[PDB]
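Below: one structure, written as structure tokens.
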Amino acid sequence: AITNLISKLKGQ
Amino acid sequence: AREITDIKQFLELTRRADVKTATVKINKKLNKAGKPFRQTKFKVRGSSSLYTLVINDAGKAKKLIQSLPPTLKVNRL
Amino acid sequence: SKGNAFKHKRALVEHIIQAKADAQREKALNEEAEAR
Amino acid sequence: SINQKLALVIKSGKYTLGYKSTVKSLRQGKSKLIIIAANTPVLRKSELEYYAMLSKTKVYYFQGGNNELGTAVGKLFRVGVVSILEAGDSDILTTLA
Amino acid sequence: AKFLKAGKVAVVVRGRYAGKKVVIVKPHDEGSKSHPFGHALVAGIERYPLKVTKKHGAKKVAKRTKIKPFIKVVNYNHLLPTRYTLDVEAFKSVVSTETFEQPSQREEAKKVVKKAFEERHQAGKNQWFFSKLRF
Amino acid sequence: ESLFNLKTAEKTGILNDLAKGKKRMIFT
Amino acid sequence: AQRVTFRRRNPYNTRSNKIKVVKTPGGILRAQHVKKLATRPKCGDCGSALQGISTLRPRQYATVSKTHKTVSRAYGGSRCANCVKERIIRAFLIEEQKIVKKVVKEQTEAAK
Amino acid sequence: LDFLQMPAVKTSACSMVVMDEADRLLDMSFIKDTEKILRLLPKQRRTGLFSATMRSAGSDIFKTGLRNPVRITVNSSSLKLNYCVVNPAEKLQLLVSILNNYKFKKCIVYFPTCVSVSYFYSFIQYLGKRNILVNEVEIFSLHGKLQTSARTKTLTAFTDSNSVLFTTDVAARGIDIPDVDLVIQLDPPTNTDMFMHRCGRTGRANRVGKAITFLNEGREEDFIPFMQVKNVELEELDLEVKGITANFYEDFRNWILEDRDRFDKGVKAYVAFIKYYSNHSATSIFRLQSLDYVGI
Amino acid sequence: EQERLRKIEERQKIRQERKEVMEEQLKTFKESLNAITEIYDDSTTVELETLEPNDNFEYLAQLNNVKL
RNA sequence: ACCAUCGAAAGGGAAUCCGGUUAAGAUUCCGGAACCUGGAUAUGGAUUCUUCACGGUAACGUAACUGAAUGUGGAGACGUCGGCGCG
Ligand SMILES: [Zn+2]
């Protein structure tokens, strides 16, 4: 199951 | 002008209704082995082209000459 | 050779063989000089 | 930074640089993340996006051109897309980046 | 995930059948001795059926609905996989590696694929697969 | 006439459905 | 050491009339006018010479078969292979993006 | 390399390469083959280089293709390092005077070339036929140009009672024969890095083992300080040349006169040694001009 | 001597023009873009130092540092 | 949907060569040999169950291998200079 494919940093 | 390697094709050419004359030309020329030999060119012109058959074998040339139609004019050289 | 370093084939061959000898020798060069 | 994680992956993990290698790894399903530079052509970028959508592979858009991405990888030639087969000693996959 | 599996609909981008729609029957991810690359056996449409309007006569309607198939071994690099799928159950046992070594088996496989495709089109299913791509 | 975009593919909120090939449309 | 000149009406060094020198079976040097060379057909998208298509004069194409001036692929004889592949990929991706946009729109006016 | 070059073998799944004696495999001779071997294999892998003299291959380790490397150095009188300065024409005699007098279980005698190994093995066997040396000594020869099966059989016979081995630099590095007491280097090696290996077969667990070396009396003043700079101390040993009152060279000469094959082997070995001395590092220490050609 | 001088200042002008146009091209493309030692119980120590096979990282870092 | 026609024997352009021949004619005549364009038609072959053919992963190959309106692409069709390679 996928809801998002585009990634990003978490701690910013 | 065209060259043909087929003997029966040449005979078929000489057998058509509109055939005038066939030319038999003899050339004394040497081969790569250095021994000279006799090469025979049989030339007949079809509708718009002149077909030439080159034979480097004497016996085959004799057989083809004997196989030519008896009502066909043949130019020797 | 593009930079006119070698003037003919003999120079190229000599440079090749001299480079081979110097590559053979530099490793012991250092201790060779230190010992003396 | 983000370049440090990429360098760690290059040094310790498993990766493929280039469009053909990335597409091959996506076809084999051996990819975990694809980093795409901003300099990539629109047709190849869209094809990579569609392939990642088909194969359910995470996509990260590098903030720079192909030569900045190449320098981040540590290479002196431009790279337009990178595929991370195995993170290895790094943590780029865990941090969602 | 792996998406180049049986039943996946793809578009051919290279070769005589470029731009034609095929469905994958048996994917070979390691390649064979004769095809040392990642390839797939596919069955595709060479001649799409023509659109039918109510003016068309019964004899004509039969002519326009005909489908010409083809079966090919295609390199993965020469395919563009889509997100759509199509059942290959009717003809999965005829398109194998040996079929492309035997012309008679190739002919029989083409016949079977033709029958299956015509039945599926006449049933009204997979209207996107039997639709020409405009490029 | 724009090419496929993953941002728009995520804006619909259905990526599993699109990967499965659910919404099939024919134009013109 | 035998000098030859034009054999036609034009006496000037124009691109139309160009001369080669050949030795005839009579043992003499003679002039011969050379025709303009043919140009390879070019792709209509990128302008590169088409592969597998004969290079002839414009009127010499009407006297050869279709297999000597076409390629069995789609757009064969008009566009090269890479351009056709790009066309296919672009068309498919455009249609997919159209589908995605339509779905997003159906969602966004589904609110009211 | 021959195996990997065959098309039936695929190298794509390899993920681990280990090079033992990596300083020797990156040597000038081996670098041509190892470059190809690593060229065939995938670059993304884990490499382990292991060598007892890994520092010498200084910048050539990066030729292997290290990705995320960590150099590791491990450091700790176990064995004796001696040398004798004698005239070359007596050298073999001195060897005999060591074999029948010293106390050992296994003695490894190193020779420069393979033809020398065979030639001197045959001559020493002939001497032992005449009972020149009287001891319970079994003498073997093992050089690297033999067939592989013969080499394996000879090595397993020597490893298995007092034995002397005439071997080239094949056995110098790596292999461990237990109960080896004495190591003799009839000549110093062509490269000094291998010297520490040749005398390194002994001293396991600080066992009482001795290494001996022979010098040519001409430029012997340069080899000892050269080893000293490399942190190796060679204590001079004085050994009397026993039994050479008369006829040793005469005995050798009249034994050569029996078969012309012996003459051919001797001359071939001498010429091979001259070529071997030509390819010598530390040119100042080992000079061709100062070489005692008549003595050799 | 005067000729050699005027030549070298001409070289200076040319190099400055080329450098300026290169920097402007880069600027306008930018907008279009968007030893440990460990001791064991046997008194034997092991020295562990990390190595850098890819020297390009240091070179790029130093270029960035001098640009800063 | 869009305007007649004129304007180049140096621009664009379908196709012929050798030998011989006169007092004076030649890529024009004679002998031999060959191409171009247009037209009507006949025969063989292909169009493989009866209805517009196949092969190769691919670049592409073929003795053929239907194609209206409509919309495009190529050749025609294109500045000057320098050295290098080949006939
Ligand atoms: Zn093109």
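Identifiers in this document derive from the order of the structure tokens: chains are assigned A, B, ..., residues are numbered from 1 separately in each chain, and ligands are numbered from 1 in order of occurrence.
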
Give me, as JSON lines, each residue of chain G that comes within 12 Å of ligand 1, together with its shortest interatomic pair and the distance in Å at one decimal, counting only C-alpha atoms and all ligand atoms, with rows ordered by chain and rising residue number.
{"residue": "G:41", "atom": "CA", "partner": "ligand 1", "partner_atom_place_in_ligand_line": "1 (Zn)", "distance": 11.2}
{"residue": "G:42", "atom": "CA", "partner": "ligand 1", "partner_atom_place_in_ligand_line": "1 (Zn)", "distance": 8.0}
{"residue": "G:43", "atom": "CA", "partner": "ligand 1", "partner_atom_place_in_ligand_line": "1 (Zn)", "distance": 4.7}
{"residue": "G:44", "atom": "CA", "partner": "ligand 1", "partner_atom_place_in_ligand_line": "1 (Zn)", "distance": 6.4}
{"residue": "G:45", "atom": "CA", "partner": "ligand 1", "partner_atom_place_in_ligand_line": "1 (Zn)", "distance": 4.9}
{"residue": "G:46", "atom": "CA", "partner": "ligand 1", "partner_atom_place_in_ligand_line": "1 (Zn)", "distance": 4.2}
{"residue": "G:47", "atom": "CA", "partner": "ligand 1", "partner_atom_place_in_ligand_line": "1 (Zn)", "distance": 6.1}
{"residue": "G:48", "atom": "CA", "partner": "ligand 1", "partner_atom_place_in_ligand_line": "1 (Zn)", "distance": 6.0}
{"residue": "G:49", "atom": "CA", "partner": "ligand 1", "partner_atom_place_in_ligand_line": "1 (Zn)", "distance": 8.4}
{"residue": "G:50", "atom": "CA", "partner": "ligand 1", "partner_atom_place_in_ligand_line": "1 (Zn)", "distance": 7.9}
{"residue": "G:51", "atom": "CA", "partner": "ligand 1", "partner_atom_place_in_ligand_line": "1 (Zn)", "distance": 10.3}
{"residue": "G:75", "atom": "CA", "partner": "ligand 1", "partner_atom_place_in_ligand_line": "1 (Zn)", "distance": 10.4}
{"residue": "G:76", "atom": "CA", "partner": "ligand 1", "partner_atom_place_in_ligand_line": "1 (Zn)", "distance": 10.7}
{"residue": "G:77", "atom": "CA", "partner": "ligand 1", "partner_atom_place_in_ligand_line": "1 (Zn)", "distance": 10.7}
{"residue": "G:78", "atom": "CA", "partner": "ligand 1", "partner_atom_place_in_ligand_line": "1 (Zn)", "distance": 8.6}
{"residue": "G:79", "atom": "CA", "partner": "ligand 1", "partner_atom_place_in_ligand_line": "1 (Zn)", "distance": 5.2}
{"residue": "G:80", "atom": "CA", "partner": "ligand 1", "partner_atom_place_in_ligand_line": "1 (Zn)", "distance": 4.4}
{"residue": "G:81", "atom": "CA", "partner": "ligand 1", "partner_atom_place_in_ligand_line": "1 (Zn)", "distance": 6.8}
{"residue": "G:82", "atom": "CA", "partner": "ligand 1", "partner_atom_place_in_ligand_line": "1 (Zn)", "distance": 6.2}
{"residue": "G:83", "atom": "CA", "partner": "ligand 1", "partner_atom_place_in_ligand_line": "1 (Zn)", "distance": 4.6}
{"residue": "G:84", "atom": "CA", "partner": "ligand 1", "partner_atom_place_in_ligand_line": "1 (Zn)", "distance": 7.6}
{"residue": "G:85", "atom": "CA", "partner": "ligand 1", "partner_atom_place_in_ligand_line": "1 (Zn)", "distance": 9.8}
{"residue": "G:86", "atom": "CA", "partner": "ligand 1", "partner_atom_place_in_ligand_line": "1 (Zn)", "distance": 9.5}
{"residue": "G:87", "atom": "CA", "partner": "ligand 1", "partner_atom_place_in_ligand_line": "1 (Zn)", "distance": 10.3}

Using DSSP on the backbone coordinates, identify the residues of chain F assigned to alpha helix (DSSP H); present them as a list in words. residues 6, 7, 8, 9, 10, 11, 16, 17, 18, 19 and 20 of chain F

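The neighbours of residue A:1 here are the residues that come within 9 Å of it, using only C-alpha atoms (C1' of nucleotides) and leaving out any residue fewer than 4 positions away in the same chain; they are residues 56 of chain D; 15 and 16 of chain F.
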
Do you know which residues are at most 6 Å from stretch 281-296 of chain H counting only C-alpha atoms (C1' of nucleotides), after dropping those on the same chain fewer than 6 positions away, and could you put them as a PyMOL selection string? (chain C and resi 28) or (chain H and resi 88-89+191+222)

Selection: 7 Å around stretch 32-49 of chain E, only C-alpha atoms (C1' of nucleotides), excl. self and same-chain fewer than 2 positions, as a VMD selection string: chain E and resid 17 20 to 30 51 64 to 76 130 132

Taking only C-alpha atoms into account and nothing else, which residues of chain H lie no more than 7 Å away from chain I? Please answer as a ChimeraX atom specification. /H:62,66-67,69-76

Counting only C-alpha atoms, which residues in chain G sit no more than 9 Å from chain D? For each one, give the nearest pair of atoms and the distance in Å, sorted by chain then residue number, as a Markdown table.
| residue | atom | partner | partner_atom | distance |
| --- | --- | --- | --- | --- |
| G:86 | CA | D:43 | CA | 8.4 |
| G:89 | CA | D:47 | CA | 8.1 |
| G:90 | CA | D:43 | CA | 7.0 |
| G:93 | CA | D:46 | CA | 7.5 |

Suppose we keep N, CA, C and O atoms; can you now write the selection as a CSV table (one decimal), in the first residue's frame?
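Final output, saved to out_29.csv:
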chain,number,residue,atom,x,y,z
G,86,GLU,N,10.5,8.6,-29.5
G,86,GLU,CA,10.1,9.8,-28.7
G,86,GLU,C,8.7,10.1,-28.9
G,86,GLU,O,8.0,10.5,-27.9
G,89,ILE,N,6.5,7.6,-26.9
G,89,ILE,CA,6.6,7.8,-25.4
G,89,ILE,C,5.9,9.1,-25.0
G,89,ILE,O,5.1,9.1,-24.0
G,90,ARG,N,6.1,10.2,-25.8
G,90,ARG,CA,5.5,11.5,-25.5
G,90,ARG,C,3.9,11.4,-25.6
G,90,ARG,O,3.2,11.9,-24.7
G,93,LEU,N,2.6,9.4,-22.5
G,93,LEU,CA,2.7,10.1,-21.3
G,93,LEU,C,1.7,11.3,-21.2
G,93,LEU,O,1.2,11.6,-20.2

I'd like the contact shell of residue H:104 - 12 Å cut-off, only C-alpha atoms (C1' of nucleotides), skipping same-chain residues fewer than 6 positions apart - returned as a list in words.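 The filter keeps residues 98, 135, 136, 137, 161, 162, 163, 164, 179, 180, 181, 182, 183, 202, 208, 209, 210 and 211 of chain H.
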